[PDB]
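Below: the structure, in structure tokens.
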Protein chains: 14
Amino acid sequence: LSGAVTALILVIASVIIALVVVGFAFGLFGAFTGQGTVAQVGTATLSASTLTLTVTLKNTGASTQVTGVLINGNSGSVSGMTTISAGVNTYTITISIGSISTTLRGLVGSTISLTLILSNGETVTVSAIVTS
Amino acid sequence: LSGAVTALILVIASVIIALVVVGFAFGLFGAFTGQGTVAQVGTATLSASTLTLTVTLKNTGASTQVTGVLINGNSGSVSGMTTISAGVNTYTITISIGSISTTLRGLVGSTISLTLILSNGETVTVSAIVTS
Amino acid sequence: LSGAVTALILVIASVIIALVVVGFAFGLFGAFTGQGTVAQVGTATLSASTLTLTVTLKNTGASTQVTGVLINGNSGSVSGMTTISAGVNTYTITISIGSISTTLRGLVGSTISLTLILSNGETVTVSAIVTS
Amino acid sequence: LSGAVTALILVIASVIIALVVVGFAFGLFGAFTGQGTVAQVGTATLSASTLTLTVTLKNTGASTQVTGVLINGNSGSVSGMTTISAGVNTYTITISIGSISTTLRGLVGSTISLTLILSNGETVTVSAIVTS
Amino acid sequence: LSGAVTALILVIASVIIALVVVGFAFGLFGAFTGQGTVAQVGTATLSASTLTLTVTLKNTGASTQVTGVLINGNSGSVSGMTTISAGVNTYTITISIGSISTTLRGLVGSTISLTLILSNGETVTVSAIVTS
Amino acid sequence: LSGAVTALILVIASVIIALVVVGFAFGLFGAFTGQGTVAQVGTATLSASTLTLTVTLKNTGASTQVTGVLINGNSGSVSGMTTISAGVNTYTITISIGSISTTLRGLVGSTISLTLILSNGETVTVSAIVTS
Amino acid sequence: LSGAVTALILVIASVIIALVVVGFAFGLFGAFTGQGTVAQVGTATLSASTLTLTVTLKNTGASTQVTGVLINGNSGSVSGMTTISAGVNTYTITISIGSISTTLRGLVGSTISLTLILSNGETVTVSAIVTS
Amino acid sequence: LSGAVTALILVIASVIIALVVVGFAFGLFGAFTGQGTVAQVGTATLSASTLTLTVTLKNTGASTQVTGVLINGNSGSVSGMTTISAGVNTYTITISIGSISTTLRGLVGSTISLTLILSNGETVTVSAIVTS
Amino acid sequence: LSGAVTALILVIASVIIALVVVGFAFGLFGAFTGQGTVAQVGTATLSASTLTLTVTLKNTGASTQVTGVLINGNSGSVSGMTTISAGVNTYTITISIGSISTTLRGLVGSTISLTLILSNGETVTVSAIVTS
Amino acid sequence: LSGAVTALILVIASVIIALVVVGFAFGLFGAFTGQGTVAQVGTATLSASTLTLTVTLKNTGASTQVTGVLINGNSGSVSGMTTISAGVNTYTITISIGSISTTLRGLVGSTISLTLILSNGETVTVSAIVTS
Amino acid sequence: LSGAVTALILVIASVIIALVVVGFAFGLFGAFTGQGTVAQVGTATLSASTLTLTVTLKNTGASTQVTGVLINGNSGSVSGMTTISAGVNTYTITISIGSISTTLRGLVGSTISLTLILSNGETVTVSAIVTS
Amino acid sequence: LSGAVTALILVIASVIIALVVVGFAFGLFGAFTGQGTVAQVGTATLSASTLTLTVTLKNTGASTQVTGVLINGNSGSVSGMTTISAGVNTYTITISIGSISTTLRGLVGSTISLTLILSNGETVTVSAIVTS
Amino acid sequence: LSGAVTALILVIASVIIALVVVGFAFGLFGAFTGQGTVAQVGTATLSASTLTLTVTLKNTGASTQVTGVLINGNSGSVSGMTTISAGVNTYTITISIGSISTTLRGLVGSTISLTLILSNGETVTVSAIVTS
Amino acid sequence: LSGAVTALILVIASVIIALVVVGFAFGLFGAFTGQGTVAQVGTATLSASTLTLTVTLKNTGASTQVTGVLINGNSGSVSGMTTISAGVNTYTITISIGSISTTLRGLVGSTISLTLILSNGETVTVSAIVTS
């Protein structure tokens with residue numbers, strides 16, 4: 001008599017745990033699909049004199065914050081417009097690095113490769129032209 | 001004399017309980033087999049202008065209700081053809097999100113990732129092409 | 001003489017009472033063997049729109065009624081085809097609960113667990129599929 | 001003097017009743033050992049056009065019948081070869097559902113999961129391939 | 001003569017106790033089945049700045065309170081809308097915890113995993129998207 | 001004087017009968033202690049082609065013969081090594097059923113469960129491998 | 001005495017359930033093996049004026065059908081030779097689309113990429129050379 | 001007296017039954033361990049013209065019979081070396097299916113996937129190279 | 001008077017019988033607690049060249065003997081260090097099976113499952129690595 | 001009479017034990033969810049001359065000590081700021097290995113792979129750039 | 001004449017003793033149902049530096065104090081908040097163990113197992129995460 | 001009276017037995033919870049020259065002793081630090097196998113998996129790096 | 001009494017069964033850890049004149065013989081250095097296939113792809129360069 | 001009760017199994033992150049007069065041994081600086097090759113490709129200019 005009731009209790013507990021696991025697995029699918037992506041879609045303009053970067057970055061997911069920016073050398077924080085809206089938009093971003101200041105004078109008119117770190121863990125690689 | 005009648009009473013009651021448990025266990029097998037699954041079989045199309053989603057879903061179970069949808073930004077409700085029939089069918093679904101409206105204009109011709117919230121605790125990842 | 005008559009009377013009375021007890025025990029054996037067994041042998045289809053439960057029940061003993069049904073929130077009375085015949089049959093039952101009404105539309109296509117309350121004290125656990 | 005005869009009568013009745021209980025327990029053991037076990041051994045073929053199932057079922061127990069079969073949408077009755085012989089044999093079953101017919105044509109070449117409903121309180125979960 | 005009377009009394013007492021045990025065992029079936037199954041059915045949403053929790057939860061049982069919540073390592077209390085009704089409905093919960101404050105700005109737009117601790121002892125794990 | 005003789009006669013008769021009953025109860029104890037124990041101890045090999053069974057049994061009671069053997073559907077009398085000695089020892093048994101012949105060819109290399117009806121009212125559950 | 005009876009009943013039920021699960025799992029292997037994949041083997045020719053596609057498709061599994069075709073613009077519907085036989089064969093398929101009709105005239109002599117939508121939830125990438 | 005006799009009879013019967021169940025449970029361990037599993041070890045050459053399969057199969061259990069083979073089109077009987085020995089051997093098997101004949105001629109030099117429906121309720125996925 | 005004497009005799013005999021039964025029941029406790037428990041602590045190794053088995057067995061009970069061993073297809077005898085001492089130990093066992101001799105030479109380096117048949121009514125399941 | 005009392009006691013104990021097991025099982029989920037997940041977010045900072053490390057680690061679990069750091073050939077210890085704070089943060093940590101010192105001067109400006117080992121069995125791959 | 005008086009005395013005594021036994025039986029059930037049941041409902045916390053334990057135990061029975069606590073390797077005496085109040089509460093538990101000190105440093109943030117020793121003779125497993 | 005005394009004595013004996021069994025079952029809880037669990041939590045350095053082994057194994061259970069070590073082809077003893085304390089520590093274990101020496105020198109820098117057979121009945125698999 | 005005796009017997013048997021199963025599972029993990037992994041580390045030199053193969057294979061497990069070597073057209077046996085010792089070694093293998101004789105002369109100085117069939121159920125891909 | 005005990009033991013065993021599997025899995029991440037990646041970073045110089053070689057190599061991971069070197073003509077042993085330290089260095093390696101000895105005089109000042117066989121199992125490609 002004691003065995004069967006325990007069997008039913010164990011069956012119910014196993015069903016409950018299985019349903020929780022399945023629900024969490026589907027939640028992972030949804031969350032990972034909706035995490036958010038950012039990638040370059042067109043050539044970006046970078047102002048060498050003022051260290052201002054104008055970039056066009058698409059977003060097919062949730063809003064993402066631009067935590068940091070890095071170059072082939074030193075990496076510096078963003079000055080303005082940290083937030084990235086969903087969809088394709090034109091962003092005005094100022095880069096403030098002590099070492100990079102007054103070092104792009106000779107490179108005006110030639111392409112430069114940059115990386116835009118994102119808060120959600122994604123990484124953005126952009127190629128841009130620099131102008132005075 | 002009391003011990004034997006007690007033993008037979010307990011045996012009969014325990015047999016009844018065990019049969020009930022076995023029957024419920026088999027009912028669980030049937031219910032989980034027939035719970036119903038949904039998966040995509042081809043490229044879908046998401047209209048950019050009217051936020052109209054055209055998608056084909058393969059169902060191998062009971063009719064399911066599409067309670068919600070998820071897009072790049074906020075989760076939104078669906079307002080057309082919620083019911084999902086059995087077999088293979090083509091659906092036309094309208095999405096109602098105020099904020100994400102008109103953002104799809106920039107992304108015409110690209111590829112997008114969707115999620116269709118289903119009633120039976122299931123999220124179906126969907127791939128669609130954004131068209132205007 | 002006085003002792004002998006008393007001994008004879010006592011022996012006869014003891015034989016009578018022992019026979020009565022044995023007959024009662026055997027009647028108990030028969031009644032408990034034939035008290036009635038109820039179990040579910042197939043997937044139950046539960047409707048959320050009209051709150052109607054379709055179930056299959058096997059009975060190898062006495063016929064029994066369904067006094068009530070216990071669902072997620074609270075026990076509710078049954079209003080259709082309470083009587084359970086012998087053998088294997090299909091019973092269609094209408095459940096009337098005001099409080100739990102209009103909650104099951106979110107569960108269409110999922111699986112639900114509900115318990116039947118029978119007249120003879122036995123509780124039959126049932127696994128069912130929610131459909132609209 | 002009645003005490004001794006009462007004790008002897010009670011001992012005899014207890015012995016008979018305990019023997020009955022033990023015999024019933026062992027008979028129940030034998031019956032449930034030979035109750036009838038059915039499982040699949042090879043992939044089943046389901047014909048979308050004719051709704052014919054070419055399934056091979058292993059039976060390690062007593063003979064049992066197919067009361068019904070449930071498919072994605074609605075459970076339906078079976079037409080031929082309901083009786084299942086002991087041992088592994090190939091069976092042909094015709095499935096009749098009102099609306100399910102002609103819906104599986106889009107599923108040709110895919111995989112479908114269905115469960116049969118046997119007589120001995122058992123549901124057999126069968127994997128299947130739809131065929132043209 | 002007293003032996004038969006004692007045997008009868010013991011038989012009746014054994015019957016009463018056995019019926020009580022059977023009734024208790026059958027009542028425990030509903031008592032455990034009705035405790036409810038709680039599991040996520042769709043991706044949740046968490047606001048980093050306001051630290052307010054939006055989640056969708058499915059319940060197949062009685063109302064269950066959320067005693068505490070833990071996200072990374074620490075357990076915090078919930079502010080409002082503690083009670084969880086039966087069925088699938090959206091839940092808005094304000095989360096109060098000192099450690100999380102000023103930390104989630106890094107994880108904007110990134111998937112996170114958190115668990116809600118319920119009153120009935122059942123635990124639910126949730127996958128959620130952190131939003132600004 | 002008349003009463004004392006009857007009292008003496010009744011006392012002596014009651015003592016004699018009580019001694020008889022006590023001795024009979026002790027005889028029941030001794031006889032039921034060594035009624036016979038038979039339980040399978042090792043894996044049994046069943047020959048498919050000739051339908052020959054090879055099982056190992058453990059005996060702790062008096063020698064008991066095998067009345068018959070029950071198989072999935074048919075019950076047939078044994079033909080070899082009916083007698084079971086006390087202790088653990090291998091037995092070779094030939095089963096005689098007309099229909100079982102050639103039926104077990106499919107299950108070569110598979111497990112099967114059989115029952116051996118014994119003379120002393122005991123049914124022994126047996127697990128065996130069908131090897132050709 | 002009830003405990004051991006429940007033990008054997010539960011053991012037999014667990015054996016049956018495990019056998020059914022194992023049989024279904026092993027059947028799923030062959031079911032998902034036999035579904036068969038389709039991949040183009042030779043260069044395909046698409047006739048711009050008559051919208052006729054001459055493609056050879058290698059089918060390594062069960063027979064499938066071509067529900068729809070996807071081209072540079074909107075999707076299309078096949079009209080002839082929908083059924084795909086097993087093995088390698090040359091197929092003649094006609095595509096019917098209203099708006100995209102005759103637009104290929106400018107692309108005569110070039111190469112185009114199209115995707116076929118098969119019945120078994122499959123998309124087949126096909127490389128096509130347009131001819132006059 | 002009678003109660004004590006009944007108690008001892010019940011104790012002895014319970015010991016008998018419990019030991020029988022324990023012995024059967026331990027026999028099940030050997031029965032399931034010794035059933036035998038068969039898996040492919042190396043690439044299997046196939047003859048397209050003669051429709052002969054040259055496969056190497058590893059068996060670590062009991063002898064088994066290859067009941068049938070499932071090929072892309074439809075399952076067919078195997079007419080060569082149904083018997084499988086223990087250890088690792090090279091088995092030459094001739095497949096007898098009329099419809100699929102000469103279809104493999106096109107696929108000479110490409111890999112193919114087969115399924116063998118073993119006797120002991122097992123399907124072995126086989127990877128083979130088609131040769132002529 | 002006779003009734004009083006009968007009552008006294010039966011009371012004394014009943015007390016003695018109850019003490020005997022409870023003593024037997026309590027003795028069974030130690031008898032079954034000390035029966036013997038056997039399981040492997042470490043992986044075994046079977047030498048194909050000499051058919052010597054090296055296994056580590058954990059015993060938490062009385063001494064037991066290895067009556068036989070179950071291998072892939074057949075049951076063979078053991079001829080070395082059958083006796084098992086209490087406590088974790090390393091044992092060397094020589095296996096003699098003529099029919100499947102020298103077959104393991106091809107299987108060197110693979111896993112294998114083999115079963116030990118003990119004399120205490122138990123079957124030990126042992127995992128081993130075949131080595132030369 | 002004692003049989004029913006034992007039946008009730010065993011049922012009560014079994015129910016208590018089953019509830020204890022279920023409560024422990026839910027504690028397992030509650031423990032596992034908060035065990036912590038750590039992943040890199042962006043390019044790290046490495047100083048060759050000072051051997052000072054500053055790396056950003058996403059933290060979603062309980063704060064844990066850093067047992068050590070993994071370097072090219074030899075594992076390394078942690079000098080300061082061993083404790084980690086939940087959430088994205090920048091922390092200055094010093095590796096203390098005598099041999100590795102002054103070796104990094106050769107590889108200034110080249111990508112390097114490091115590993116941070118968590119105390120609770122987590123090892124995370126870190127990609128960094130070496131700077132002077 | 002004495003026979004009737006003796007029979008009446010014995011009958012009254014037997015009735016009184018039987019009623020005493022029946023009344024004693026029910027109080028036993030009452031005491032065992034009110035014996036005190038303890039189960040876990042939430043994840044616990046252990047401090048590495050101070051070893052302070054805070055756990056929530058569901059209490060469905062009479063107040064049962066904790067005599068001691070088990071740890072991974074030893075038995076830990078209770079030094080704080082021995083008393084337990086029925087219902088979910090917060091307890092500050094300190095363990096007086098000397099050699100075990102400074103052994104939780106390396107486990108901070110990992111799953112740990114503990115067990116409570118109640119004063120009523122029951123033990124409950126604990127799942128927890130230790131913190132610094 | 002005779003029946004009443006037996007009822008009382010057997011009830012008391014059964015109650016004592018029931019408490020003994022329940023106490024054993026509840027003691028088994030802590031007995032098997034504290035049996036000893038060990039896991040691997042960090043990269044284990046292996047020395048090629050002196051065969052010195054540096055591991056990191058968390059001990060969340062009872063104090064245990066490493067009974068032996070298994071390598072790719074040989075099994076050898078452990079030289080020092082056989083005892084494993086509670087909590088994560090750095091363990092230096094020396095292996096003494098003549099054949100293993102100097103063979104692993106060619107495997108410097110690779111990944112090697114080792115086995116540590118514990119004394120509590122659980123085996124441990126370690127991921128190790130061969131260093132010189 | 002009888003029920004409690006049955007309960008103790010069942011508990012002891014269940015503990016023994018669980019111990020055996022857990023020990024066998026740990027044995028499985030040990031065996032799979034020690035089964036042996038074989039891969040290639042450098043280019044293989046194949047002599048076209050006498051079809052002699054020189055390869056360098058690393059091994060992390062037991063010695064495994066080379067059952068067969070496969071060439072583009074036909075599989076063949078090996079003649080020397082069948083045994084593969086643990087650790088990185090240089091092996092010389094002679095292949096005997098009549099058909100491929102003198103065919104390799106045209107491939108002198110060009111890349112080729114090989115295949116090895118090891119005894120431990122493994123296939124190895126070997127890149128080789130043909131030398132005259 | 002026995003079922004509950006078995007459930008507890010199996011759950012605990014699964015706990016240790018899952019923990020050890022997770023730990024071993026993370027160990028693989030650690031080991032393969034630390035395996036050691038070696039590649040060329042600058043133009044190498046080979047002295048044809050004395051077979052002297054000067055290359056610059058970077059080892060981002062563990063110390064690795066140059067077991068052998070391979071050129072187009074043949075592969076010979078290395079005699080100079082087998083050991084590789086962490087970080088870049090100028091390696092003066094003496095190569096002993098038979099066939100190609102004193103044959104590079106003609107190609108002095110021309111590009112050549114060299115291959116070195118490392119200890120961990122990875123090969124490298126060297127672009128070197130041979131000099132007189």
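As shown in the structure tokens, the chain order sets the letters A, B, ...; within each chain, residues go from 1, and ligands are also counted from 1 in the order they appear.
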Quick one: residues within 10 Å of residue 59 of chain N, only C-alpha atoms, excluding same-chain residues fewer than 5 positions away - as a CSV table (one decimal) with N, CA and C atoms, in the first residue's frame?
chain,number,residue,atom,x,y,z
J,72,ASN,N,50.7,30.9,-20.1
J,72,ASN,CA,51.2,30.1,-21.2
J,72,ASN,C,51.5,28.7,-20.7
J,73,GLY,N,52.6,28.5,-19.9
J,73,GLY,CA,53.0,27.2,-19.5
J,73,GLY,C,52.8,26.8,-18.1
J,112,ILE,N,46.9,37.1,-27.3
J,112,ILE,CA,47.3,36.1,-26.4
J,112,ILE,C,46.0,35.5,-25.8
N,36,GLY,N,48.3,25.0,-26.1
N,36,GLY,CA,49.5,25.6,-26.7
N,36,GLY,C,49.5,25.7,-28.2
N,37,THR,N,49.4,27.0,-28.6
N,37,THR,CA,49.4,27.3,-30.1
N,37,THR,C,50.7,27.9,-30.5
N,38,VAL,N,51.4,27.3,-31.5
N,38,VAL,CA,52.7,27.8,-31.9
N,38,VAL,C,52.7,28.1,-33.4
N,39,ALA,N,53.2,29.2,-33.8
N,39,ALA,CA,53.2,29.6,-35.2
N,39,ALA,C,54.4,30.5,-35.4
N,40,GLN,N,54.8,30.7,-36.7
N,40,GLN,CA,55.8,31.5,-37.1
N,40,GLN,C,55.4,33.0,-37.0
N,64,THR,N,56.1,23.4,-25.3
N,64,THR,CA,56.0,22.3,-26.3
N,64,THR,C,57.3,21.9,-26.8
N,84,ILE,N,61.1,24.5,-25.9
N,84,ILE,CA,60.6,25.8,-26.3
N,84,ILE,C,60.1,26.5,-25.0
N,85,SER,N,60.7,27.6,-24.7
N,85,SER,CA,60.2,28.5,-23.6
N,85,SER,C,59.0,29.3,-24.0
N,86,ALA,N,58.3,29.8,-23.0
N,86,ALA,CA,57.2,30.7,-23.2
N,86,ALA,C,57.6,32.0,-23.9
N,87,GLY,N,56.9,32.4,-24.9
N,87,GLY,CA,57.2,33.7,-25.6
N,87,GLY,C,58.1,33.4,-26.7
N,88,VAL,N,58.3,34.5,-27.5
N,88,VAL,CA,59.2,34.4,-28.7
N,88,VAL,C,60.6,34.3,-28.3
N,89,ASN,N,61.4,33.7,-29.2
N,89,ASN,CA,62.9,33.6,-29.0
N,89,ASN,C,63.5,33.3,-30.4
Using DSSP secondary structure from the backbone, list all alpha helix (DSSP H) positions within segment 29-63 of chain G, as a list in words. residues 29, 30, 31, 32 and 33 of chain G
Saved selection, atoms kept: N, CA and C atoms, as a tab-separated table (two decimals), in the first residue's frame:
chain	number	residue	atom	x	y	z
G	29	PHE	N	15.03	6.26	-34.45
G	29	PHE	CA	16.28	6.26	-35.20
G	29	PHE	C	16.03	5.95	-36.67
G	30	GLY	N	15.35	4.85	-36.96
G	30	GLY	CA	15.05	4.51	-38.34
G	30	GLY	C	14.11	5.50	-38.99
G	31	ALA	N	13.16	6.04	-38.21
G	31	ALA	CA	12.22	7.01	-38.76
G	31	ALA	C	12.93	8.26	-39.25
G	32	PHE	N	13.89	8.75	-38.47
G	32	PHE	CA	14.59	9.97	-38.87
G	32	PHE	C	15.72	9.67	-39.85
G	33	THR	N	16.14	8.40	-39.94
G	33	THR	CA	17.09	8.03	-40.98
G	33	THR	C	16.41	7.95	-42.34
Only residues of chain M matter here; which ones have an atom within 7 Å of chain I, counting only C-alpha atoms? Give them as a PyMOL selection string. chain M and resi 16+19-20+23-24+27-28+30-31+35-36+62-64+119-120
Segment 7-126 of chain G: residues DSSP assigns to strand (DSSP E), reported as an MDAnalysis selection string: chainID G and resid 38:40 44:47 52:59 64:70 75:78 83:84 87:96 111:118 122:126
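When only C-alpha atoms are used to measure the gap to residue 114 of chain N, the shortest distance among N:9, N:18, N:71, N:55 belongs to N:71.
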Could you tell me how far atom CA of residue 97 of chain L lies from atom CA of residue 91 of chain I, in Å and to one decimal? 20.3 Å
What is the distance, in Å and to one decimal place, between atom CA of residue 121 of chain F and atom CA of residue 4 of chain H?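 Computed distance, atom CA of residue 121 of chain F to atom CA of residue 4 of chain H, equals 22.5 Å.
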As a check of understanding: the span from atom CA of residue 69 of chain F to atom CA of residue 115 of chain F is 5.9 Å
Can you pull out every residue within 9 Å of residue 98 of chain N, counting only C-alpha atoms, but drop anything in the same chain fewer than 4 positions away, and send it as an mmCIF file with C-alpha atoms, in the first residue's frame?
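Result file is selection.cif:
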data_model
loop_
_atom_site.group_PDB
_atom_site.id
_atom_site.type_symbol
_atom_site.label_atom_id
_atom_site.label_comp_id
_atom_site.auth_asym_id
_atom_site.auth_seq_id
_atom_site.Cartn_x
_atom_site.Cartn_y
_atom_site.Cartn_z
ATOM 1 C CA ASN N 74 62.455 13.848 -46.042
ATOM 2 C CA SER N 75 62.110 14.262 -42.278
ATOM 3 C CA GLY N 76 65.041 14.082 -39.879
#
Excluding same-chain residues fewer than 6 positions from residue 2 of chain K, what lies within 9 Å of it counting only C-alpha atoms, as a count of residues only? 4
Tell me, as a list in words, which residues lie within 12 Å of residue 80 of chain G, counting only C-alpha atoms; anything in the same chain fewer than 2 positions away does not count.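 Contacts, with the query itself left out: residues 51, 52, 53, 54, 65, 66, 67, 68, 77, 78, 82, 83, 84, 91, 92, 93, 94, 95 and 96 of chain G.
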